[PDB]
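# Give me a model of this one.
(9 chains, ligands or ions: 19)
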Amino acid sequence: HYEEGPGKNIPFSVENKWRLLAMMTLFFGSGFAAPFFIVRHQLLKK
Amino acid sequence: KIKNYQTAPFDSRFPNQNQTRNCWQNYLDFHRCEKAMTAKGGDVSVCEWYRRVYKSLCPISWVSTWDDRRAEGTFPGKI
Amino acid sequence: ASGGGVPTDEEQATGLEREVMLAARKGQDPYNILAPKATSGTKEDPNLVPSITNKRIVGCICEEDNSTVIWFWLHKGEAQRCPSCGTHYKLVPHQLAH
Amino acid sequence: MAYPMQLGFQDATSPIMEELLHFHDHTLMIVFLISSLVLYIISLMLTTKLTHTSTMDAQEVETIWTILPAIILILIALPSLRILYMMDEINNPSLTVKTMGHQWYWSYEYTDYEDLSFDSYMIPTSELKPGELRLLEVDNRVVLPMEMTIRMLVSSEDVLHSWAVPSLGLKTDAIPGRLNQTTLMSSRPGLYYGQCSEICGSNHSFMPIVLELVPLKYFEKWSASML
Amino acid sequence: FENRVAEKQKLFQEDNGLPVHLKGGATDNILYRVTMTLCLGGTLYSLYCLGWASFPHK
Amino acid sequence: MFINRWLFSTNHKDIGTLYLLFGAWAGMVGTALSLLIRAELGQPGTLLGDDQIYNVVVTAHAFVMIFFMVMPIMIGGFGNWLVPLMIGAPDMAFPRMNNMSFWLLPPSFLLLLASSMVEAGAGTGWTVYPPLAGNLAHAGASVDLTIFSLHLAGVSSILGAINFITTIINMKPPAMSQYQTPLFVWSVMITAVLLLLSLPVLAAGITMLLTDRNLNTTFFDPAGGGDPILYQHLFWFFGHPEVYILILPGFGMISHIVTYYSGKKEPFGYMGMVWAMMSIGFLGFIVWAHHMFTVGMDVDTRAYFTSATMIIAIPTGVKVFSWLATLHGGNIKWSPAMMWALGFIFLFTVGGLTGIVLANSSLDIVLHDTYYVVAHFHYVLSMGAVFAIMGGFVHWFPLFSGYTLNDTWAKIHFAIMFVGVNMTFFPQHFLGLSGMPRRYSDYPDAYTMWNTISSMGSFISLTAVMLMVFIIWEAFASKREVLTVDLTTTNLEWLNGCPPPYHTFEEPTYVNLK
Amino acid sequence: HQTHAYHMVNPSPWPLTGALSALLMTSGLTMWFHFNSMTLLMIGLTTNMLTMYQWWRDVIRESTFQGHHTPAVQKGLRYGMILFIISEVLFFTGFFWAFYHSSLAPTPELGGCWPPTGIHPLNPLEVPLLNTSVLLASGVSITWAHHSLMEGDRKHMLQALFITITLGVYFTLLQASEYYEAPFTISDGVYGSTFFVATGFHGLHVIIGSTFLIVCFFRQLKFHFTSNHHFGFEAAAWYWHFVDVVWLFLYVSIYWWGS
Amino acid sequence: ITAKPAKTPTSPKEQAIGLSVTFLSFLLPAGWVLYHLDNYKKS
Amino acid sequence: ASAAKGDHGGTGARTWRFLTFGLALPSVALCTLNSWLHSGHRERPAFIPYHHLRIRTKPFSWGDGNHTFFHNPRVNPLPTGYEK
Ligand SMILES: CCCCCCCCCCCCCCCCCC(=O)OCC(COC(=O)CCCCCCCCCCCCCCCCC)OC(=O)CCCCCCCCCCCCCCCCC
Ligand code: HEA
Ligand code: HEA
Ligand SMILES: CCCCC/C=C/C/C=C/C/C=C/C/C=C/CCCC(=O)O[C@H](COC(=O)CCCCCCCCCCCCCCCCC)COP(=O)(O)OCCN
Ligand SMILES: CCCCC/C=C/C/C=C/C/C=C/C/C=C\CCCC(=O)O[C@H](COC(=O)CCCCCCCCCCCCCCCCC)COP(=O)(O)OCCN
Ligand SMILES: CCCCC/C=C\C/C=C/C/C=C\C/C=C\CCCC(=O)O[C@H](COC(=O)CCCCCCCCCCCCCCCCC)COP(=O)(O)OCCN
Ligand SMILES: CCCCCC/C=C/CCCCCCCCCC(=O)O[C@H](COC(=O)CCCCCCCCCCCCCCC)COP(=O)(O)OC[C@@H](O)CO
Ligand SMILES: CCCCCC/C=C\CCCCCCCCCC(=O)O[C@H](COC(=O)CCCCCCCCCCCCCCC)COP(=O)(O)OC[C@@H](O)CO
Ligand SMILES: CCCCCC/C=C\CCCCCCCCCC(=O)O[C@H](COC(=O)CCCCCCCCCCCCCCC)COP(=O)(O)OC[C@@H](O)CO
Ligand SMILES: CCCCCCCCCCO[C@@H]1O[C@H](CO)[C@@H](O[C@H]2O[C@H](CO)[C@@H](O)[C@H](O)[C@H]2O)[C@H](O)[C@H]1O
Ligand SMILES: CCCCCCCCCCO[C@@H]1O[C@H](CO)[C@@H](O[C@H]2O[C@H](CO)[C@@H](O)[C@H](O)[C@H]2O)[C@H](O)[C@H]1O
Ligand SMILES: C[C@H](CCC(=O)O)[C@H]1CC[C@H]2[C@@H]3[C@H](O)C[C@@H]4C[C@H](O)CC[C@]4(C)[C@H]3C[C@H](O)[C@]12C
Ligand SMILES: C[C@H](CCC(=O)O)[C@H]1CC[C@H]2[C@@H]3[C@H](O)C[C@@H]4C[C@H](O)CC[C@]4(C)[C@H]3C[C@H](O)[C@]12C
Ligand code: CUA
Ligand SMILES: [Cu+2]
Ligand SMILES: [Mg+2]
Ligand code: NA
Ligand SMILES: [O-]
Ligand SMILES: [Zn+2]
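Numbers count the residues shown, from 1 in each chain, chains lettered A, B, ... in the order given. Ligands and ions are numbered 1, 2, ... in the order given. Please see the structure below:
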């Protein structure tokens, strides 16, 4: 069967709070940065 | 014979914000009246009121396009 | 004008459908399709709550038309009471594997 | 035009816009009153250690807070609708002017008598004159006679624009294939500004509207001079 | 034709812990692998094409 | 195992979880866009030096906040988590179709970011009116990608709506009438009905925009006898229901949060609250043309829509007064969630009253396509949909995770956000009465004070968004496991513990009829 | 071990292959319309059909073969299908709105009349009337098929259903013909626009519905349906009435009143 | 609500790092882009 | 309406087959007759290049980009007229 209970019903590990911090940082970070890099991308096109 | 024309008056057939038909009607009415006369001999002059209303209301570019299309055979309205 | 060739639920129904169907023929409701009928729910006449374990969630509509449902676990053992209205309920464990 | 740190409506240029201000004051008293009453009552509910956590009867009080709000809406609708139908009421204009929206400028047509038409573009910031207003000035203003009923017909030859003059309470969308009527009546001479009020591409922020309201004789001589 | 539904009920009820999309046997597996391959390959060819169309090519 | 569980799910809690994750990521994209917006308007002049790029930022901001943050969090997230638990249902009716509703959203989003990466993006507004959205003024793939993004998000929400309606109708304990379902479940069923009826009209409109762009139809093109106003009618026929769709689940969660932190067994006026949410759903289908008071339509039509729009105040008023009534004589717990909910009641009221100002076609002539509209709707999405999402999230995080947040950090986050949004949007009222257009990248000079204050406020909310991420990390980093939750007798969703097991109500609840 | 009647479904990949097929068809149309290529479209269409097959196959496996379709599961699917059909009525309503908007206020570009100057409409008494007769007939024939199944009659169900499908296909070939023969095109302004897009969506639904009936025909051949459990058949019958009634509205509106 | 004390407590030092790292993940990339805007236009 | 027939005691397959072969298919057969009668070609109309017709805002994504999908040379002109 699947694992149940705290830290186990999620698709990301919380075993290590620093590995986790990296992941949360990449994940919310990729999201927030994306628009800035699209503006960049269009400014460079012309 | 009102002449002493300032602008197209309120026409109760076209009482609301959209005045597209009003322009269009007066354009048809003029070129109709103009054909009646420039056929049966008489005077374009009796067509004058239709001319002043459509000239007042119609965008230049509409009249201009309508005129080009009368000339081309592609005018969709009945004259 | 007519003829056959079309199976029946009795011939061809299977798995849980067949189980629900045969239980209903005997007037039994093992799969909780029907609302239980309440008793007077006194100490002497408690609401009999079937379970395949030693606990099951009751929800008590204390009065007819009440929009608020009172939820609590009922454990195997002494009759518990609804915390809002006091009606008694008793767990009657074990079943299924027939 | 708007002035720095402006809070409310541009000062009323027509009697129609005069009516909107007094209707707005009306509606806003009602907004402040209700907003304040809600804020107050929240804090009243949240400032007592006294409790009543049992079931409360809902009949009597639900009456109060449907009838009262319903009366307030009628107090607002009444004058809202008086003003709507007053605006619509038949005027008899002395004059018709057409405006065509474009990417990215207004074209004007005065064609009651002569074939008068010109293009109206925003003065670039690098070419402003001392005391001219950034993004609001145009090369060719819309000269119009003050104290007289004018009919504006609005349209476009490309995409949607919208022709607005906040001081006169005017906004009429500019749609290709369509001629929208509106009526304009400045109680006063001067310069009355507006901006394209429907997103139309790259330069939507930069195709403004300037009305110059002068007496008839000046208007007639202007028109003659523009042919 | 004859009614072979009872055969199929036995096959699909066989207690082998296989999920319903694989329980028919080896063709279920083949068809799934072809489906998922077309989907994942198509999605990467999709990402390539967005790549292509994101930069100007007169 | 990871694939079978997270790519192949048929579990309502795991899919609720994928939704909340997706929503939270979209929120970041949505937020960055909103800061580019307010950066450009932060001092007079041009920052991006390209007012098509600005137009693309504004368009995407709205698409992302509406379709990728609010709807997936409220309906996909809180909906799949809570609705099955609140009716003691073992899952949703169509638990595999439920998984496709979720996996349609990443593709939908990939289409939107493609739209902004190809050509010059879609600088159209989220309304996407033609002819600007047409194949002349927006030649090339951008607008078509936008249309196809909306198609996939559309299918996702229609299939989801069928799933919630079926689930809430068919999967209650046999003894539970609809008048024994909690108000959050009501909010989702009524939302789902709106989605069922409205999205297919949008699909029609935008499909007719797709054929005008690519198959030489002329639905919206005068040259072929078409009419751009037609598209406006089809879009707004969806668009008004859409805004009630954005807030109804909000109302649901506010009702539960205020009840709970008032230490009450029930909200005041349950049946009145059902009535209100149903009246709001119905009326939300006969008011759409209040988005069109300036297109040139007949006075009588403008008087009907003015009047029909204002009616909605009454049922909405019964909800607001009923929430104050729930607080009355409460044993008030000043939890972070209660703070969000009290923020909601106030800011939503403000936003709704400026709505009532806009309802008057007369005033709307001067206010339409100004920042007074932008102020109205940010008071009811960025202090309404957002405040109800925060309140819900801090309230149910322990149920979803098994872990508790730091309540002090969370009160701090509330305090920063409240100042942020009020500093960002209150001044926009002034910008609006004084006639600043919307969809502008630069403004006449008089508008600078309020644009500067507004842009500064946008930054105070960035600081809250950043803190939020840290706060969620701290909760998972520290691992304070939940023990006891009060009021489980009137909050069935907590009664299987935190987190609840993968499979709940394998044995249905027992409910007597009497 | 459950003691409720509802269906916990095995983990499925088909939701994911569905969503990706959606991405491949939409990005493939974009590729087709704009970058003159069909391969993304070809692939998305294929995976979509592959998805559709394996998903509904699994539903057959789950129901006919594993018996997870209790009365409760069946009551749910009923609601599901009614709700799906309602969503399709609102979709069509969008096009009727379009049609009525354009035709009730014909613009100057059209000559200010309906039909537009230069549009020579189809005689509603010719193939249109035949088409109407065919769909209504199919409505009768699918009702006979329904009563045959409920009465245990295998041969007459298959006969009634074959007939219903034949008529389905007949309508489809007729419509393909009058599309070829029509003197106007999708590009003949808003007349061509409303006409081909509204009837073209109708045509698609006739094919979908026909396909559904054919699935029901083959399942009946393999004896999947009992006289009392046949929801696949009712759903197809509901869909088919829907398609029929949409056609009556198109006939009355576009072909007749719009002529 | 009630809860167990943290299984893996996160000290002030540890929060300072997580907050610092969190903020920087948001600010550096945006800051890089906004700082180089001129460089994108003149090009 | 009752329509005008009769019927309606019990509701059998038998009745609906009656209507299938008694009313439905006969109606289809009459309308098929009535159609394979007013068919055969018709006076194709004088081409006029009206601007509200033969719309081209973008080439079609097939053929030479100027033919509609069910182009009939016989009855569908291009924007420059009928084909040789
Ligand atoms: C943000 C900067 C504020 C700028 C103020 C400018 C003053 C300088 C000129 C000093 C004065 C110069 C004299 C010039 C007179 C011009 C009169 C005019 O043109 O007349 C038109 C004016 C009339 O409006 C006013 O009379 C100003 C509005 C003030 C409303 C009350 C708020 C007071 C607190 C201020 C903090 C605001 C931020 C938080 C507000 C919270 C959200 C509402 O403009 C409006 O029409 C504003 C429309 C706003 C609609 C929103 C309705 C909801 C209100 C809720 C109140 C909650 C209670 C506070 C409870 C507060 C607790 C948080
Ligand atoms: C829900 C919808 C939504 C939300 C949340 C927002 C949020 C914000 N909006 Fe939005 N906006 C729109 C919908 C929304 N907006 C729409 C529809 C338009 C019109 C578009 C058009 O004209 O075409 C618009 C237009 C618009 C303009 C006008 C552009 C113009 O006319 O030129 C501006 C300018 O200030 C603006 C600013 C902001 C700011 C500063 C925020 C926020 O920064 C305020 C602070 C809020 C947040 C930062 C919320 C964060 C929430 C999360 C991250 C969720 C976390 C997830 C979990 C906990 C699971 N918006
Ligand atoms: C959740 C989202 C949401 C909600 C709930 C609402 C709610 C309302 N909205 Fe708004 N609205 C938007 C989102 C929303 N809106 C968006 C996104 C736009 C424009 C988008 C665009 O153009 O891109 C918009 C635009 C919009 C316009 C067009 C303005 C213009 O473009 O010119 C109008 C006009 O009437 C309007 C009105 C209202 C009204 C009357 C309500 C009512 O439902 C509010 C009712 C609530 C109250 C009234 C407060 C509570 C009641 C009481 C305390 C009782 C007492 C009250 C009285 C006596 C009045 N809205
Ligand atoms: C623009 C024009 C303007 C005009 C103005 C228009 C006005 C429109 C008015 C609409 C009227 C609406 C009223 C609403 C209520 C109507 C009646 C309620 C029906 C009902 O609820 O009755 C029940 C159901 O009956 C049922 O559906 C009905 C059962 C019917 C059976 C009796 C019929 C027998 C008569 C002959 C039948 C017709 C022939 C059939 C074959 C025809 C082939 C072509 C009770 O059934 P029962 O009687 O036990 O037997 C059932 C038969 N097996
Ligand atoms: C290019 C265009 C081509 C069109 C293509 C599409 C067509 C759709 C049709 C599909 C083909 C299917 C046809 C089926 C035909 C025969 C089935 C064989 C069985 C049979 O012969 O059926 C019999 C009756 O049907 C019978 O006469 C069958 C009767 C057939 C009816 C045809 C109609 C004939 C019209 C002539 C008369 C017109 C007058 C009508 C006016 C009055 C109406 C108001 C009864 O059977 P049974 O005794 O109960 O069986 C015993 C045990 N089962
Ligand atoms: C009897 C019908 C048979 C159908 C099968 C045949 C062809 C495939 C198309 C079917 C799909 C149906 C509707 C899509 C839209 C328009 C097509 C209209 C129907 C049609 O086929 O109309 C033709 C136009 O073809 C054209 O351009 C169309 C070219 C094909 C375009 C591909 C579709 C692109 C649009 C997809 C949008 C889908 C959005 C759905 C949203 C889902 C809900 C959220 C008419 O031919 P013509 O030469 O103009 O006139 C005849 C003159 N002799
Ligand atoms: C050239 C050919 C091109 C063809 C490709 C185009 C698309 C084709 C789609 C055709 C539709 C096929 C649907 C097949 C469904 C089969 C599965 C089925 O029918 O499943 C049944 C239940 O229905 C259920 O789930 C309900 C099933 C719901 C399906 C609804 C289908 C309609 C919607 C299709 C998509 C619409 C697209 C619209 C585009 C704008 C199974 O239960 P029963 O029948 O009671 O059996 C059990 C008994 O045997 C017990 O004794
Ligand atoms: C321009 C191009 C755009 C393209 C977008 C296309 C989008 C998606 C790709 C299509 C992938 C579909 C694949 C088949 C899906 C079948 C769904 C289905 O059949 O769903 C059923 C539920 O809905 C029911 O009945 C009834 C509902 C049936 C829904 C049929 C799905 C078709 C989706 C078409 C769009 C819908 C909206 C149309 C209106 C505008 C079954 O529920 P499950 O949870 O599976 O099982 C539960 C078990 O108890 C069964 O034993
Ligand atoms: C169902 C009953 C509800 C009751 C409310 C009324 C609703 C619908 C029916 C009304 C349709 C006809 C109305 C007659 C009045 C005038 C008609 C008219 O002419 O309306 C035109 C367009 O209507 C058009 O297509 C309108 C097209 C129809 C749009 C209606 C929108 C509602 C659709 C949703 C309903 C759900 C459907 C459920 C499925 C059964 C508007 O153009 P004009 O303004 O004339 O421009 C000419 C100018 O020169 C004048 O200044
Ligand atoms: C999220 C998904 C978003 C999808 C975005 C939509 C874009 C889909 C466009 C597909 O792009 C294709 O790539 C081909 C190569 O792979 C191109 O070859 C073209 O490029 C070169 C021309 O210089 C040469 O290779 C060829 O001659 C020429 O056909 C081709 O035109 C183009 O259609
Ligand atoms: C709206 C969201 C944005 C909110 C505000 C974010 C601002 C936070 C600042 C973080 O940004 C950094 O700022 C540096 C400068 O302070 C930049 O270095 C730049 O300048 C340095 C010297 O001034 C050089 O060493 C570097 O090479 C050069 O990249 C660097 O790239 C950037 O990451
Ligand atoms: C009758 C019905 C349900 C009562 C019940 O079954 O519990 C109740 C629920 C909500 C009630 C309504 C709401 O309280 C809103 C309105 C309040 C006014 O006092 C009367 C009319 C009013 C429109 C009410 C009529 C009626 O009492 C309603 C509609
Ligand atoms: C094969 C089967 C007889 C044996 C059995 O019932 O399985 C019979 C029953 C009904 C028959 C079908 C129906 O009569 C409908 C069709 C009639 C056509 O004349 C031939 C094909 C047609 C599609 C038939 C094929 C086949 O003979 C069927 C399917
Ligand atoms: Cu022109 Cu905006
Ligand atoms: Cu609205
Ligand atoms: Mg506008
Ligand atoms: Na700027
Ligand atoms: O709204
Ligand atoms: Zn009780």
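# What is the burial count for residue 5?
Looking at chain A here, since you left the chain open. By other Cβ atoms under 10 Å in any protein chain shown, the residues close to residue A:5 number 12. To be clear about C-beta, it is placed using only N, CA and C from the backbone, and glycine gets the same treatment.
# oops, I was thinking of chain F
Around residue F:5 there are 16 other residues, counting by other Cβ under 10 Å.
# Just confirm yes or no for the host helix or strand of residue B:25 near chain F.
Assignment of secondary structure by DSSP states H and E places residue B:25 within helix B:20-40. No: for helix B:20-40 and chain F, the contact criterion (Cβ under 8 Å from any Cβ of the partner chain) is not met; the two come no nearer than 9.5 Å.
# Tell me which helix or strand comes right after that helix.
helix B:48-57.
# which outside residues touch the helix holding residue B:25?
B:8, B:11, B:13-14, B:42-44, B:46-47, B:50-51, B:53-54, B:57-59, B:62-63, B:66, B:70, B:77-79, D:177-179, G:107-108, G:112 (Cβ atoms under 8 Å, 6 or more residues apart in numbering or on different chains).
# Just give me the longest helix of chain I.
Of all the elements of type helix in chain I, the one with the most residues (DSSP state H) is helix I:25-35.
# How about the secondary structure of the residue lying closest to residue F:5 once chain neighbours are set aside?
Using Cβ to Cβ, 6 or more residues apart in numbering or on different chains and skipping the chain neighbours, the partner closest in space to residue F:5 is residue A:2 (5.6 Å). Applying DSSP: H, G, I helix; E, B strand; the rest coil to residue A:2 yields a three-state assignment of coil.
# Could you count how many residues lie near residue A:2?
With neighbours defined by other Cβ under 10 Å, the count for residue A:2 comes to 14.
# so how far is residue G:32 from it?
When distance is defined by Cβ to Cβ, to the nearest Å, residue A:2 is 42 Å away from residue G:32.
# Ligand 14 contacts on chain D?
Residues of chain D lying near ligand 14 by Cβ under 6 Å from any ligand atom: D:101, D:104, D:161, D:196, D:198, D:199, D:200, D:204, D:207.
# Shouldn't residue D:100 be within a strand?
Yes: inclusion of residue D:100 in a strand is indicated when three-state DSSP is applied.
# quick one: contacts for it?
Residues touching residue D:100, when contacts are defined by Cβ under 8 Å, 6+ apart, comprise B:59, B:61, D:106, D:107, D:108, D:109, D:155, D:156, D:157, D:174.
# is it possible to export the residues of chain D next to ligand 14 to JSON lines including secondary structure, neighbour count and distance to residue F:124?
JSON lines is the format used below for these (DSSP: H, G, I helix; E, B strand; the rest coil; neighbours: other Cβ atoms under 10 Å in any protein chain shown; distance: Cβ to Cβ, whole Å):
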{"residue": "D:101", "secondary structure": "strand", "neighbour count": "26", "distance to residue F:124": "17"}
{"residue": "D:104", "secondary structure": "coil", "neighbour count": "20", "distance to residue F:124": "16"}
{"residue": "D:161", "secondary structure": "strand", "neighbour count": "31", "distance to residue F:124": "15"}
{"residue": "D:196", "secondary structure": "coil", "neighbour count": "30", "distance to residue F:124": "16"}
{"residue": "D:198", "secondary structure": "coil", "neighbour count": "27", "distance to residue F:124": "12"}
{"residue": "D:199", "secondary structure": "coil", "neighbour count": "26", "distance to residue F:124": "8"}
{"residue": "D:200", "secondary structure": "coil", "neighbour count": "26", "distance to residue F:124": "11"}
{"residue": "D:204", "secondary structure": "helix", "neighbour count": "28", "distance to residue F:124": "11"}
{"residue": "D:207", "secondary structure": "coil", "neighbour count": "22", "distance to residue F:124": "18"}
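# ok, these vs ligand 8, which is closest?
Distances from ligand 8 to these, taken as Cβ to the nearest ligand atom, are shortest for residue D:199 (26.0 Å).
# Is it correct that that closest one is in contact with residue F:125?
Yes: applying Cβ atoms under 8 Å, one finds residue D:199 in contact with residue F:125, separated by 5.1 Å.
# residues touching the closest residue to ligand 17 within the stretch 401-514 of chain F, list them.
Closest approach of the stretch 401-514 of chain F to ligand 17 (Cβ to the ion) occurs at residue F:442, with a separation of 4.0 Å. By Cβ under 8 Å, 6+ apart, the contact list for residue F:442 reads D:135, D:205, D:206, F:40, F:41, F:44, F:45, F:46, F:51.
# Could you measure from the second one over to chain I?
Pointing back at residue D:205 there. Using Cβ to the nearest Cβ, to the nearest Å, residue D:205 is found at 28 Å from chain I.
# likewise the fifth one?
If you measure residue F:41 against chain I using Cβ to the nearest Cβ, the figure is 35 Å.
# same thing with the last one?
For residue F:51, the distance to chain I under the criterion Cβ to the nearest Cβ works out to 25 Å.
# now do the first one
Relative to chain I, residue D:135 is positioned 33 Å away (criterion: Cβ to the nearest Cβ).
# ok, that residue touching residue D:204?
No: in this structure, residue D:135 sits apart from residue D:204 without contact. The criterion is Cβ under 8 Å, and the distance is 11.5 Å.
# got any residues that touch both of residue D:199 and residue F:125?
In the contact map built from Cβ under 8 Å, 6+ apart, the residues linked to both residue D:199 and residue F:125 are F:55, F:439.
# Three-state assignment for the residue sitting furthest away from the middle of chain D, please.
Going by Cα atoms, centre = their mean, the residue of chain D most distant from its centre is residue D:54, 52.3 Å out. Following three-state DSSP, the label given to residue D:54 is coil.
# if I look at it, how far off is residue F:330?
Shown here: residue D:54 relative to residue F:330, a distance of 12 Å by Cβ to Cβ.
# With that, I have no additional questions.
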